[PDB]
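Taking it in order: structure first as structure tokens, then the write-up.
There are 2 protein chains.
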Amino acid sequence: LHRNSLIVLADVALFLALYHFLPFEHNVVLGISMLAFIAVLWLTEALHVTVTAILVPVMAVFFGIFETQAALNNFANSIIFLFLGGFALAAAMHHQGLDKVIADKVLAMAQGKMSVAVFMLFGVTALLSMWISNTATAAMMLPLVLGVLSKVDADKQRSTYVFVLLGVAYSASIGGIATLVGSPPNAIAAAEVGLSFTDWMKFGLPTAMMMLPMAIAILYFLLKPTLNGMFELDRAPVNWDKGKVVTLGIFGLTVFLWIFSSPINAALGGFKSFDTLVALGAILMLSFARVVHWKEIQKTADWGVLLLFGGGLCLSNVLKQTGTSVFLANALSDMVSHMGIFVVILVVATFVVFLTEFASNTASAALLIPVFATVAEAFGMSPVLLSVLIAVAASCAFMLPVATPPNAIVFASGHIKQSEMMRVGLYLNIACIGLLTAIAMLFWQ
Amino acid sequence: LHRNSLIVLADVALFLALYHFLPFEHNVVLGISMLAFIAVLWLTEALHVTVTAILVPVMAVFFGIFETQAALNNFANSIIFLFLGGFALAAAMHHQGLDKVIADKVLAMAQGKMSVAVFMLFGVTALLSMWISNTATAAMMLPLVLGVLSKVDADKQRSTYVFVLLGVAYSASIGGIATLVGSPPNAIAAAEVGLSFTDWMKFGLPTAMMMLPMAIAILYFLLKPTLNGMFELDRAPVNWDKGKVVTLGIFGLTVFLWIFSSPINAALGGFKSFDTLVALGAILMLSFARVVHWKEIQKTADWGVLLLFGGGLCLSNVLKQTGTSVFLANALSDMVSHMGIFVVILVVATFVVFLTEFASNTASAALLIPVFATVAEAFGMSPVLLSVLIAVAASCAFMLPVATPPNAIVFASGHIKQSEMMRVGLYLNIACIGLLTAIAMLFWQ
Ligand SMILES: O=C(O)c1ccc(C(=O)O)cc1
Ligand SMILES: O=C(O)c1ccc(C(=O)O)cc1
Ligand code: NA
Ligand code: NA
Ligand code: NA
Ligand code: NA
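Respectively, the protein sequence lines represent chains D and C.
If you're matching positions, the first sequence starts at 18 in the deposited numbering and goes up one per residue.
If you're matching positions, the second sequence starts at 18 in the deposited numbering and goes up one per residue.
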């Protein structure tokens with residue numbers, strides 16, 4: 018009776034159809050049928066992303082592709098645990114309030130100017146998003162933005178409160194492209210091609226440094242009237258208490274080890290997934306230093322995304338085991354040889370940068386990263402490029418709300434019009450397809 | 018400065034000490050030192066049970082016992098997922114309120130007699146604990162018990178209102194011994210020795226059927242004055258609404274497949290961990306039938322216990338890989354050959370039935386199930402008996418509060434005295450050491 022129950026029944030139909038009617042070797046048929054089923058279920062979201070994630074292995078198992086335990090072992094990939102480490106580190110500095118003090122101390126560095134207010138609100142929302150989350154950084158910044166934009170309260174003077182709102186809703190998403198913790202897509206790419214933390218930082222941090230100015234510029238050079246106004250610094254100030262310095266010390270030490278993981282590990286006996294060990298060590302320090310309780314981390318952690326990761330890796334392996342990756346490589350051979358690698362990575366970047374407006378950031382990465390990384394592997398090219406590209410572009414949702422939670426968080430402020438966002442995002446999208454295809458060309462040799 | 022920070026530093030000391038001073042082959046030294054370390058950390062709970070669980074693999078990995086991915090793969094054992102299935106099934110019937118309707122419908126079957134009120138309160142707390150939880154069943158029953166024991170309000174007539182509180186807090190723990198879902202210890206045993214759902218039911222359900230009467234009898238023939246009183250059925254009645262019949266249908270179907278798993282699976286192609294597939298199927302049906310949302314399952318699920326399961330299996334494998342199981346088997350060879358299997362399982366049943374009063378039921382199972390199962394395996398005896406025994410006896414916490422959450426839940430009713438419980442529990446413990454050593458002898462050939 019409900020829309021989604023219908024999308025589900027239509028997808029079951031589509032599967033049965035493709036299964037019986039496709040004229041290929043059985044394994045390719047099964048792999049294609051499964052790929053389509055999941056693709057639909059994840060783009061429509063008729064079932065929750067996490068339930069479809071759980072649906073992947075139970076199919077693999079019933080259709081004999083894998084044995085139950087082999088299929089489940091995917092959900093314990095080391096990147097999943099690294100991400101759980103970043104979740105506990107965020108839980109820590111939130112329960113401790115080190116995000117509030119990092120907001121105030123930087124925000125009150127601007128003495129009383131709305132000019133240098135919003136610029137620090139974006140630089141903070143971004144710097145905080147590198148480590149915490151996106152939905153969380155945006156929902157945490159919203160009160161500080163509405164707090165600042167209350168002196169210029171005139172909402173007949175609207176264009177101030179869209180520049181300063183959409184700015185943070187974008188600064189959180191751009192800040193999520195800086196490190197392996199931040200947005201799930203990065204983790205799905207890292208799990209697919211086997212990236213370390215410092216590897217994905219060598220990629221994403223440059224792209225974030227470039228895209229945050231370009232995005233503020235684009236919001237600016239629409240309708241910005243904010244070189245005027247004054248500050249209302251209204252609330253109790255902050256002060257470093259029972260080891261907010263401890264939370265900082267652990268955080269700092271952890272991020273240090275994450276950056277210098279390559280030489281420390283090489284000069285330690287070369288452990289297997291050093292970054293994951295560091296993340297679990299973080300959880301341990303944070304628990305021994307008494308600084309955060311487990312109930313906190315259990316609330317903060319989005320276990321549904323951790324299950325998603327696994328479902329995505331399982332899908333990748335289903336495509337390999339069934340040969341659907343080699344089959345699609347053969348089917349695209351003539352197209353990719355008639356196109357350039359420029360053309361290709363432009364088509365990819367565009368396709369995702371716009372698909373992410375209609376569907377979930379992570380659902381889109383979870384679908385496209387496997388397919389592309391595995392086809393690229395069937396072409397015998399290093400899948401890193403396509404995977405990182407897709408993962409970055411999936412976090413470039415700027416048009417309508419519903420694209421990402423930050424958009425619908427700053428949108429529910431009953432002020433910003435649908436059309437305004439729909440056309441600033443339409444400019445920033447092309448801007449990114451540009452910046453991305455550029456950098457992806459420079460990171461070649 | 019804090020108690021637990023000291024317990025931790027003293028345990029790190031104990032480890033370093035045992036490590037340097039024990040005079041055995043290096044692997045046995047490392048395995049023993051680790052066993053002691055974890056043992057302490059889990060019995061004292063200086064760190065949260067789940068943080069110790071995470072501590073097990075990071076040690077195994079740094080001390081070269083396993084590779085990071087091998088050690089982590091333990092956290093994706095199929096029993097973990099079966100338990101997550103039972104968590105989603107509980108989330109479903111709680112969010113749906115089918116536990117309230119099952120309480121009301123049975124409670125209002127007793128017309129107006131306090132005699133047949135408390136007896137049905139115990140039969141319900143027990144039947145519900147089979148599937149839901151223990152801490153949860155107790156906290157959900159407390160308002161219904163205080164609701165009934167409000168007509169006999171006289172708390173100078175205390176021993177009525179203590180009998181029914183301790184009564185239900187015991188019916189929850191005994192009901193937790195009936196099925197693989199219920200109490201984690203059962204799941205840790207099932208994960209260690211490889212039990213199916215219908216296997217652990219063939220064991221525990223008899224024991225619960227026996228132990229619930231014996232426990233009501235023992236509470237009765239202390240100070241029971243309840244053949245008097247009348248009922249106050251005060252609250253809005255219940256009625257089967259938007260598919261509480263659906264939730265019932267799925268529940269029933271799931272439990273049916275779990276019971277009949279052996280022939281269905283044999284007559285299906287013999288899938289590997291069928292019960293786990295049934296549990297994930299439950300999560301899927303419950304999501305397609307729209308009957309429960311994922312946010313609900315994410316709140317209900319105790320992800321910390323699911324991580325514990327894994328850490329405990331990892332410990333077991335550390336004992337095997339280091340040969341500490343064979344070493345302790347050799348060290349106990351003369352003791353166990355000078356003892357009978359009666360003597361042995363009496364010492365075990367006693368030891369745990371009383372250790373479980375001082376430390377967490379599941380922390381106790383996670384520690385003792387590995388050590389014992391693996392030593393029994395070095396003696397080449399089927400480890401099932403000792404493991405199931407330990408798991409049942411660990412759920413036989415009846416004395417002080419703090420033993421189990423149900424005890425401390427009915428204890429916080431600012432009414433039941435410390436001494437009263439300490440001596441009903443002191444009788445019920447021996448009663449169990451009896452019943453258990455008995456049944457454990459009958460289940461031999
Ligand atoms: O799929 C989505 O819509 C999505 C999920 C998570 C995040 C994040 O917190 O980084 C952003 C977007
Ligand atoms: O470790 C404990 O004290 C304990 C944990 C869980 C349960 C349960 O809900 O079955 C009972 C007791
Ligand atoms: Na982030
Ligand atoms: Na999106
Ligand atoms: Na139970
Ligand atoms: Na206990």
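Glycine included, C-beta positions come from ideal geometry on N, C-alpha and C.
CA-to-CA distance, D:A93 to D:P387, given in whole angstroms: Mapped onto the first sequence, residue 387 of chain D falls at position 370. Mapped onto the first sequence, residue 93 of chain D falls at position 76. Whole-angstrom Cα-Cα distance: 17 Å.
Within chain C, partners of D:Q315 - CB distance below 7 Å: To locate residue 315 of chain D, count along the first sequence from 1; it is residue 298. The contacting residues are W320 and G321.
Which listed residue (D:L159, D:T317 and D:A306) has its alpha carbon closest to that of D:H111: On the first sequence, residue 111 of chain D is found 94 positions in, with the first residue counted as 1. Considering only alpha carbons, the answer is D:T317.
The stretch 429-437 of chain C in contact with the stretch 177-184 of chain C per 3-pair CB rule at 8 Å: Because the criterion of three Cβ pairs below 8 Å is met, the stretch 429-437 of chain C and the stretch 177-184 of chain C touch.
Whole-number beta carbon distance between C:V255 and C:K117, since they are thought to touch under 8 Å: For the purposes of this step, residue 117 of chain C is identified with residue 100 of the second sequence, where counting begins at 1. For the purposes of this step, residue 255 of chain C is identified with residue 238 of the second sequence, where counting begins at 1. Taking the Cβ atoms as the reference, C:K117 lies roughly 6 Å from C:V255, within the contact range of under 8 Å.
Interface positions of the stretch 30-54 of chain C facing chain D (Cβ-Cβ less than 9 Å), listed along the chain: Hits within the stretch: zero.
Within-9 Å CB hit, C:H112 to chain D: Here the question's residue 112 of chain C lines up with position 95 in the second sequence. Not closer than 9 Å to any Cβ of chain D, the Cβ of C:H112 fails to qualify, so no.
Whole-angstrom distance between D:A105 and D:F277, CA atom to CA atom: Taking the first sequence and counting its residues from 1, the one referred to as residue 277 of chain D is at position 260. Taking the first sequence and counting its residues from 1, the one referred to as residue 105 of chain D is at position 88. D:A105 has its alpha-carbon roughly 21 Å from the corresponding atom of D:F277.
Partner residues on chain C for D:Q86, Cβ-Cβ distance less than 7 Å: On the first sequence, position 69 is the one that residue 86 of chain D refers to. Listed along chain C are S95, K289 and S290, each with a C-beta nearer than 7 Å to that of D:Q86.
Given D:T339 as reference, the closest of D:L23, D:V46 and D:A34 once Cα atoms are compared: Taking the first residue of the first sequence as position 1, residue 339 of chain D is located at position 322. The shortest C-alpha separation from D:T339 is found at D:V46.
Buried versus exposed call for D:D251 [16 or more other C-beta atoms within 10 Å across all chains shown]: Along the first sequence, read from residue 1 onward, the residue named residue 251 of chain D stands at position 234. Around the beta-carbon of D:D251, fewer than 16 other beta-carbon atoms lie within 10 Å, marking it exposed.
Residues that D:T67 contacts on chain C, provided the C-beta gap is smaller than 8 Å: By 1-based counting over the first sequence, the position of residue 67 of chain D is 50. Neighbourhood of D:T67 in chain C, by CB distance below 8 Å: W311, in chain order.
Contact check, D:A77 vs D:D28, beta carbons under 9 Å: The residue you call residue 77 of chain D lines up with position 60 of the first sequence. The residue you call residue 28 of chain D lines up with position 11 of the first sequence. Judged by beta-carbon spacing, D:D28 lies beyond the 9 Å limit of D:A77, meaning their Cβ atoms are not closer than that value.
Beta bridge counterpart(s) of D:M247 as assigned by DSSP: Start at 1 with the first residue of the first sequence, and residue 247 of chain D comes out as number 230. Answer is D:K130.
Secondary structure of D:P230, DSSP reduced to three states: Position 213 of the first sequence, counted from the first residue, corresponds to residue 230 of chain D. Note: D:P230 maps to helix in three-state DSSP.
Selected residue, minimal CA-CA separation from D:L403, among D:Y178, D:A380, D:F368 and D:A376: By one-based count along the first sequence, residue 403 of chain D stands at place 386. Closest by alpha carbon: D:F368.
The alpha helix (DSSP H) enclosing D:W257, as first and last residue numbers: By one-based count along the first sequence, residue 257 of chain D stands at place 240. Secondary structure note for D:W257: it is in no alpha helix (DSSP H), with a DSSP letter that is neither H nor E.
Distance cut 7 Å, beta-carbon to ligand 6 heavy atom: residue list by chain order: That query returns the following residues: C:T373, C:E374, C:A376, C:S377, C:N378, C:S381, C:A411, C:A414, C:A420 and C:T421.
Residues near C:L323 by beta carbon distance below 7 Å, same chain, minus five either side: If you number the second sequence from 1, residue 323 of chain C lands on position 306. For C:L323, where only same-chain residues beyond five positions count, the Cβ hits under 7 Å are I97, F100 and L101.
Limits of the unbroken alpha helix (DSSP H) element including C:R20: On the second sequence, residue 20 of chain C is found 3 positions in, with the first residue counted as 1. DSSP places C:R20 inside the alpha helix (DSSP H), whose first and last residues are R20 to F38.
Cβ neighbours of D:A232 in the same chain (closer than 7 Å, five flanking residues each side left out): Here residue 232 of chain D is taken as the residue at index 215 of the first sequence, counted from 1. The residues are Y187, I191 and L445.
Proximity test, D:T154 beta-carbon vs ligand 3 heavy atom, cut-off 8 Å: Within the first sequence, the letter at position 137 stands for residue 154 of chain D. Within 8 Å of the C-beta of D:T154 there is at least one heavy atom belonging to ligand 3.
Rounded straight-line distance, which links the Cα of C:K337 to that of D:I82: The residue you call residue 82 of chain D lines up with position 65 of the first sequence. The residue you call residue 337 of chain C lines up with position 320 of the second sequence. CA-to-CA, the gap between D:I82 and C:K337 works out to about 31 Å.
Length of the line joining the Cα atoms of D:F359 and D:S333: Stepping through the first sequence from its first residue, residue 359 of chain D is reached at position 342. Stepping through the first sequence from its first residue, residue 333 of chain D is reached at position 316. Cα to Cα, the separation comes out at about 25 Å.
Collapsed DSSP secondary structure at D:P400 in the structure displayed: Translated into positions along the first sequence, residue 400 of chain D becomes position 383. Residue state, collapsed to three classes: coil.
D:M110 - DSSP class collapsed to helix/strand/coil: For the purposes of this step, residue 110 of chain D is taken as the residue at position 93 of the first sequence. Under the three-state reduction of DSSP output, D:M110 falls in the helix class.
D:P202, buried or exposed, once every other Cβ within 10 Å from all chains shown has been counted against 16: Translated into the one-based positions of the first sequence, residue 202 of chain D becomes position 185. Classification for D:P202: buried.
Contact check, C:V405 vs C:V210, beta carbons under 9 Å: Position 388 of the second sequence, counted from the first residue, corresponds to residue 405 of chain C. Position 193 of the second sequence, counted from the first residue, corresponds to residue 210 of chain C. A contact, by the Cβ cut-off of 9 Å.
9 Å Cβ cutoff, residue 12 of chain D in contact with chain C: Outside the shown range of chain D, which is 18 to 462, sits residue 12 of chain D, and nothing can be said about it.
DSSP-derived helix/strand/coil call for C:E42: Here the question's residue 42 of chain C lines up with position 25 in the second sequence. In the three-state reduction of the DSSP assignment, C:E42 falls in the coil class, being assigned neither a helical nor a strand state.
Proximal chain D residues relative to C:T293, where beta-carbon distance stays under 8 Å: Position 276 of the second sequence, counted from the start, is the residue given in the question as residue 293 of chain C. Going along chain D in sequence order, the residues near C:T293 (Cβ under 8 Å) are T85 and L89.
Contacts of D:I300 in chain C (Cβ-Cβ under 8 Å): The residue given as residue 300 of chain D occupies position 283 in the first sequence. One finds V68 and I71 in chain C with Cβ atoms closer than 8 Å to the Cβ of D:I300, taken in chain order.
Distance cut 7 Å, beta-carbon to ligand 3 heavy atom: residue list by chain order: Those residues are D:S146, D:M147, D:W148, D:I149, D:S150, D:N151, D:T154, D:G192, D:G193, D:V198, D:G199 and D:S200, given in chain order.
Whether C:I205 touches C:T224 by CB criterion (9 Å): If you number the second sequence from 1, residue 205 of chain C lands on position 188. If you number the second sequence from 1, residue 224 of chain C lands on position 207. Taking 9 Å as the Cβ cut-off, C:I205 and C:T224 do not qualify as a contacting pair.
Opening and closing residue of the alpha helix (DSSP H) in which D:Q174 lies: Position 157 of the first sequence, counted from the start, is the residue given in the question as residue 174 of chain D. Element bounds for D:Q174: n/a, residue is neither H nor E.
Alpha-carbon to alpha-carbon, C:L363 and C:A425: For the purposes of this step, residue 425 of chain C is taken as residue 408 along the second sequence, with counting starting at 1. For the purposes of this step, residue 363 of chain C is taken as residue 346 along the second sequence, with counting starting at 1. Cα to Cα, the separation comes out at about 28 Å.
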